[PDB]
Amino acid sequence: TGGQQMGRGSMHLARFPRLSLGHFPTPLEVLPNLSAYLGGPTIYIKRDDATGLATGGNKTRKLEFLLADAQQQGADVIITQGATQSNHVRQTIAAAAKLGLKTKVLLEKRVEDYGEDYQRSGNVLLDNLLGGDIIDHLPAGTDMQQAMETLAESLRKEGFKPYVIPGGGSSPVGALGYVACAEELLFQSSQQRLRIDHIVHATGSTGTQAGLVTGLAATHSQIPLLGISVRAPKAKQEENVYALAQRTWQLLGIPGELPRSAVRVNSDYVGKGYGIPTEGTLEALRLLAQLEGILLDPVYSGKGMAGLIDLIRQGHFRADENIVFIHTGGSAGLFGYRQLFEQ
Amino acid sequence: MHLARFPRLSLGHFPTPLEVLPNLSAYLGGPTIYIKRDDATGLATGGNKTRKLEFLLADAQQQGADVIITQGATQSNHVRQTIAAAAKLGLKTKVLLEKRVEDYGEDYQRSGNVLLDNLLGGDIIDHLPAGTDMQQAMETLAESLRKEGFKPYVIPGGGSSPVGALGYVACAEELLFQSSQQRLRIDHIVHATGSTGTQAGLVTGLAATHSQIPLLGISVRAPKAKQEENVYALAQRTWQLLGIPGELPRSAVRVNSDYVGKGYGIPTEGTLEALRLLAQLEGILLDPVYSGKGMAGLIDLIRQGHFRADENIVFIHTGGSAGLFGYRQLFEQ
């Protein structure tokens, strides 16, 4: 293990407040049917879909640190934003409800296809059931951060103390949740005598990838990490992941600087844009469901898995290699896409 | 345990969490309510049926079965979990659905568990009229399949066979270990009771270990006496299969059927209120067919003074949240 230092990240993390909002650690499982079907490396799945928070997801880990921070500041209302079918919006509402706090939400009309179920089922239904206050549904292209800052400024004028959570929960505080996931994966792989040769996951607002690379580099773990973009091209996504990772690194008080080469993104699986699956996305959904009983989603985790599947099919990995795919969640979104599945 | 002797597959994430509900408990002003999170078994959005399938499919594998058959209503959670668990084993699942509910429009027919059934690759042979003898319909399908060379394993409705009930014999032990670990005196266990396997397994386990925790099933369809009769019968048979000596006390089986409402799959006002309160006080998703009725019973019994403030009640969340999407037309009203 050379100079690997498992727990150095946890040591820095220990000084930060954290609320209990999910079921951790999440399982690390082998996918034997998918592994045999593809004919290459052994594929393991880190089950961050199984965090327990209103059907679960990666955003649950970030919220444990974000909402602890909000409490430390005495916030009395939460503001966040996402696309119509955002999983982050749904998880924030549920977690804030557990704290007795209301969530004010701006949705963005990034996708206008897929009909009534896209507007009303899936995460929208859950948002409403969980009691979210959807203030507005804004045209695609809106600077959603600025719109939230204008709303927060109006609420402070009425005497509230809002806490603004950026899109996807991807602030340095939120990224701490995936620093902790990296330590969780290191500990599990140690307990299972599992050598992890690659970690692959879908990358969007960047907090998941930023936290993982911070935690891996802080522990001197030589595990390559590959982000499969869900929207942005490679260079722009890599620059944003790196900028957030170095801010997370600084927030944790880790000396020196993160290696830039640890940040790697593949943008070949974006397709036509955010929230639009390719045929390969839909194939990935079908394979995981019908070989492993696993529910992916057509926006995020389905594109991450389509990337992994395609890279395996192209011969990038040896059969004796082990890959950890992070299931970042999203299955609630499936019901928003019913019209597409029916064709 | 007498359970170690039985085959068991790993199909879910056990043990599931046992959590306090502090906002709900404060809201109602009575006992402390805890939740056993059997919605969080991990199998295609989760559910109680996952526990049963670990024993049922291990049995099917030891018998060399090469196809699975089961049945449920249109929005059945059991069907969805069976297809997913069987798919993890490389087995196909042939399914008979029953049109028990014909309200709530297109989303009830095509979203929710039906969409999941289709995504998961289930083979839905037919959609049969309400009142059809579904066990017989399955036996006919199986015999026809054997003629084509198959070795089917027929899972009864809800997976409520003695083999299936072993899953909740295991949950009882899990619950006792957790309460010992958490130093938690459990004064009452409450959950929604339907095809009977969950209640029967829990009853058998709590009695076998001489635990003295009372258990109340909130029926989702059948009247109290009929439900108690069926729960007791399956619990006795499960008691036999575990080869535990003697008989199960009849006083151990208690069902409350005041919360059925108009019938299976039709929520009451109390159900909708239970759904709203759990979601907005605790971030927890119940369902309008099962867990929401069970919680509605618990809330009403608390309001009627059945529990002291120093009692600790364990509500078993049996799952069902995937069915919420089948009921969108109701929530839009």
# chains A, B, ... in the order shown; residues from 1 in each chain; ligands from 1

$ closest_atom_pairs --of "chain B" --to "chain A" --cutoff "8 Å" --atoms "only C-alpha atoms" --output "tab-separated table"
residue	atom	partner	partner_atom	distance
B:13	CA	A:27	CA	7.5
B:17	CA	A:23	CA	7.5
B:23	CA	A:98	CA	7.5
B:40	CA	A:52	CA	6.1
B:42	CA	A:50	CA	6.1
B:43	CA	A:293	CA	7.3
B:44	CA	A:295	CA	6.1
B:45	CA	A:55	CA	6.6
B:83	CA	A:293	CA	7.7
B:84	CA	A:293	CA	4.2
B:85	CA	A:293	CA	6.3
B:87	CA	A:291	CA	5.7
B:88	CA	A:292	CA	4.5
B:89	CA	A:292	CA	8.0
B:90	CA	A:291	CA	6.8
B:111	CA	A:335	CA	6.7
B:112	CA	A:335	CA	7.2
B:115	CA	A:338	CA	7.4
B:119	CA	A:286	CA	6.4
B:120	CA	A:289	CA	4.8
B:121	CA	A:290	CA	5.6
B:276	CA	A:129	CA	6.6
B:279	CA	A:130	CA	4.9
B:280	CA	A:130	CA	5.1
B:281	CA	A:97	CA	5.9
B:282	CA	A:98	CA	4.7
B:283	CA	A:94	CA	4.3
B:284	CA	A:54	CA	6.1
B:285	CA	A:54	CA	6.2
B:325	CA	A:121	CA	6.7
B:328	CA	A:121	CA	7.0

$ select_by_dssp --residues "range 44-178 of chain A" --states "strand (DSSP E or B)" --output "PyMOL selection string"
chain A and resi 44-47+77-83+103-109+133-139+162-164

$ write_last_selection --atoms "C-alpha atoms" --output "short mmCIF file (atom, residue, chain, number, x, y, z; two decimals), in the first residue's frame"
data_model
loop_
_atom_site.label_atom_id
_atom_site.label_comp_id
_atom_site.auth_asym_id
_atom_site.auth_seq_id
_atom_site.Cartn_x
_atom_site.Cartn_y
_atom_site.Cartn_z
CA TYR A 44 -18.62 -3.55 -8.36
CA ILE A 45 -21.34 -1.06 -7.50
CA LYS A 46 -21.17 1.42 -4.64
CA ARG A 47 -24.84 1.76 -3.68
CA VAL A 77 -35.27 28.61 5.67
CA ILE A 78 -33.45 26.71 2.91
CA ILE A 79 -33.24 27.84 -0.74
CA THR A 80 -32.04 25.63 -3.60
CA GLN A 81 -32.63 25.01 -7.31
CA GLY A 82 -32.54 22.39 -10.04
CA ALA A 83 -34.13 21.26 -13.27
CA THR A 103 -37.40 24.73 1.45
CA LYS A 104 -38.00 27.45 -1.15
CA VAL A 105 -37.25 26.10 -4.62
CA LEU A 106 -36.62 27.52 -8.08
CA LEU A 107 -36.95 24.95 -10.86
CA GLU A 108 -35.37 25.44 -14.30
CA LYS A 109 -37.16 24.33 -17.48
CA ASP A 133 -42.48 25.49 -1.79
CA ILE A 134 -41.78 25.75 -5.54
CA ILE A 135 -41.54 29.52 -6.02
CA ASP A 136 -41.03 29.57 -9.81
CA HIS A 137 -40.20 27.53 -12.92
CA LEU A 138 -37.63 29.58 -14.85
CA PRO A 139 -36.67 29.57 -18.56
CA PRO A 162 -31.95 31.87 4.38
CA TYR A 163 -29.25 29.34 3.58
CA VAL A 164 -28.68 29.11 -0.18
#

$ closest_residue --among "A:112, A:140, A:176, A:62" --to "residue 16 in chain A" --atoms "only C-alpha atoms"
A:176

$ closest_residue --among "B:261, B:113, B:72, B:182" --to "residue 129 in chain B" --atoms "only C-alpha atoms"
B:72

$ residues_around --residues "residue 209 in chain A" --least-positions-apart "5" --cutoff "9 Å" --atoms "only C-alpha atoms" --output "MDAnalysis selection string"
chainID A and resid 175 178 201:204 214 225:227 241 245 263

$ residues_around --residues "residue 53 in chain B" --least-positions-apart "6" --cutoff "8 Å" --atoms "only C-alpha atoms" --output "list in words"
residues 11, 82, 85, 159, 164 and 167 of chain B

$ closest_residue --among "B:155, B:289, B:314, B:124" --to "residue 138 in chain B" --atoms "only C-alpha atoms"
B:155

$ residues_around --residues "range 198-202 of chain B" --least-positions-apart "6" --cutoff "7 Å" --atoms "only C-alpha atoms" --output "short mmCIF file (atom, residue, chain, number, x, y, z; two decimals) with C-alpha atoms, in the first residue's frame"
data_model
loop_
_atom_site.label_atom_id
_atom_site.label_comp_id
_atom_site.auth_asym_id
_atom_site.auth_seq_id
_atom_site.Cartn_x
_atom_site.Cartn_y
_atom_site.Cartn_z
CA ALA B 165 -42.66 -16.26 6.36
CA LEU B 166 -39.15 -17.28 7.48
CA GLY B 167 -38.04 -13.85 6.26
CA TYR B 168 -39.97 -12.19 9.07
CA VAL B 169 -39.00 -14.80 11.61
CA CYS B 171 -36.75 -9.84 11.14
CA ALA B 172 -37.98 -10.56 14.68
CA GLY B 217 -51.54 -5.91 12.45
CA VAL B 231 -52.34 -15.04 10.11
CA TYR B 232 -52.60 -17.68 12.85
CA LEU B 234 -49.69 -19.48 8.43
CA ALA B 235 -47.87 -18.73 11.70
#

$ closest_residue --among "B:77, B:193, B:64, B:242" --to "residue 4 in chain B" --atoms "only C-alpha atoms"
B:242

$ residues_around --residues "residue 298 in chain A" --least-positions-apart "6" --cutoff "9 Å" --atoms "only C-alpha atoms" --output "PDB file with N, CA and C atoms, in the first residue's frame"
ATOM      1  N   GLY A 275     -30.373  15.749 -19.638  1.00  0.00           N
ATOM      2  CA  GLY A 275     -31.697  15.169 -19.517  1.00  0.00           C
ATOM      3  C   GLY A 275     -32.236  14.532 -20.772  1.00  0.00           C
ATOM      4  N   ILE A 276     -31.413  14.383 -21.809  1.00  0.00           N
ATOM      5  CA  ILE A 276     -31.800  13.675 -23.026  1.00  0.00           C
ATOM      6  C   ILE A 276     -30.974  12.397 -23.136  1.00  0.00           C
ATOM      7  N   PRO A 277     -31.563  11.218 -22.944  1.00  0.00           N
ATOM      8  CA  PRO A 277     -30.781   9.987 -23.055  1.00  0.00           C
ATOM      9  C   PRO A 277     -30.465   9.648 -24.495  1.00  0.00           C
ATOM     10  N   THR A 278     -29.368   8.920 -24.665  1.00  0.00           N
ATOM     11  CA  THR A 278     -29.046   8.321 -25.945  1.00  0.00           C
ATOM     12  C   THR A 278     -29.626   6.913 -25.966  1.00  0.00           C
ATOM     13  N   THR A 281     -27.721   5.194 -23.335  1.00  0.00           N
ATOM     14  CA  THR A 281     -28.301   5.412 -22.010  1.00  0.00           C
ATOM     15  C   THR A 281     -29.438   4.437 -21.745  1.00  0.00           C
ATOM     16  N   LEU A 282     -30.348   4.294 -22.716  1.00  0.00           N
ATOM     17  CA  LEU A 282     -31.504   3.430 -22.506  1.00  0.00           C
ATOM     18  C   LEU A 282     -31.092   1.972 -22.439  1.00  0.00           C
ATOM     19  N   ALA A 284     -28.185   0.945 -21.220  1.00  0.00           N
ATOM     20  CA  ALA A 284     -27.635   0.792 -19.872  1.00  0.00           C
ATOM     21  C   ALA A 284     -28.740   0.589 -18.839  1.00  0.00           C
ATOM     22  N   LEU A 285     -29.831   1.358 -18.944  1.00  0.00           N
ATOM     23  CA  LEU A 285     -30.966   1.164 -18.043  1.00  0.00           C
ATOM     24  C   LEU A 285     -31.483  -0.266 -18.120  1.00  0.00           C
ATOM     25  N   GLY A 330     -31.160   8.445  -8.591  1.00  0.00           N
ATOM     26  CA  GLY A 330     -31.946   8.986  -9.692  1.00  0.00           C
ATOM     27  C   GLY A 330     -33.229   8.254 -10.051  1.00  0.00           C
ATOM     28  N   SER A 331     -33.489   7.077  -9.468  1.00  0.00           N
ATOM     29  CA  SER A 331     -34.591   6.230  -9.935  1.00  0.00           C
ATOM     30  C   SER A 331     -35.957   6.912  -9.836  1.00  0.00           C
ATOM     31  N   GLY A 333     -36.578   9.733 -10.872  1.00  0.00           N
ATOM     32  CA  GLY A 333     -36.736  10.379 -12.163  1.00  0.00           C
ATOM     33  C   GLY A 333     -37.308   9.476 -13.236  1.00  0.00           C
ATOM     34  N   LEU A 334     -37.157   8.155 -13.086  1.00  0.00           N
ATOM     35  CA  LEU A 334     -37.705   7.214 -14.069  1.00  0.00           C
ATOM     36  C   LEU A 334     -39.159   7.539 -14.391  1.00  0.00           C
ATOM     37  N   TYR A 337     -39.987  10.082 -16.883  1.00  0.00           N
ATOM     38  CA  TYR A 337     -39.653   9.755 -18.265  1.00  0.00           C
ATOM     39  C   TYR A 337     -40.547   8.678 -18.855  1.00  0.00           C
TER      40      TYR A 337
END

$ residues_around --residues "residue 233 in chain A" --least-positions-apart "2" --cutoff "6 Å" --atoms "only C-alpha atoms" --output "mmCIF file with N, CA and C atoms, in the first residue's frame"
data_model
loop_
_atom_site.group_PDB
_atom_site.id
_atom_site.type_symbol
_atom_site.label_atom_id
_atom_site.label_comp_id
_atom_site.auth_asym_id
_atom_site.auth_seq_id
_atom_site.Cartn_x
_atom_site.Cartn_y
_atom_site.Cartn_z
ATOM 1 N N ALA A 235 -13.201 19.653 -21.133
ATOM 2 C CA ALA A 235 -12.330 20.678 -20.562
ATOM 3 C C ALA A 235 -13.073 21.526 -19.530
ATOM 4 N N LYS A 236 -14.298 21.946 -19.851
ATOM 5 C CA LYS A 236 -15.041 22.791 -18.920
ATOM 6 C C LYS A 236 -15.399 22.024 -17.646
ATOM 7 N N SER A 267 -16.456 13.088 -21.860
ATOM 8 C CA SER A 267 -17.722 13.702 -22.264
ATOM 9 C C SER A 267 -18.312 13.078 -23.530
#
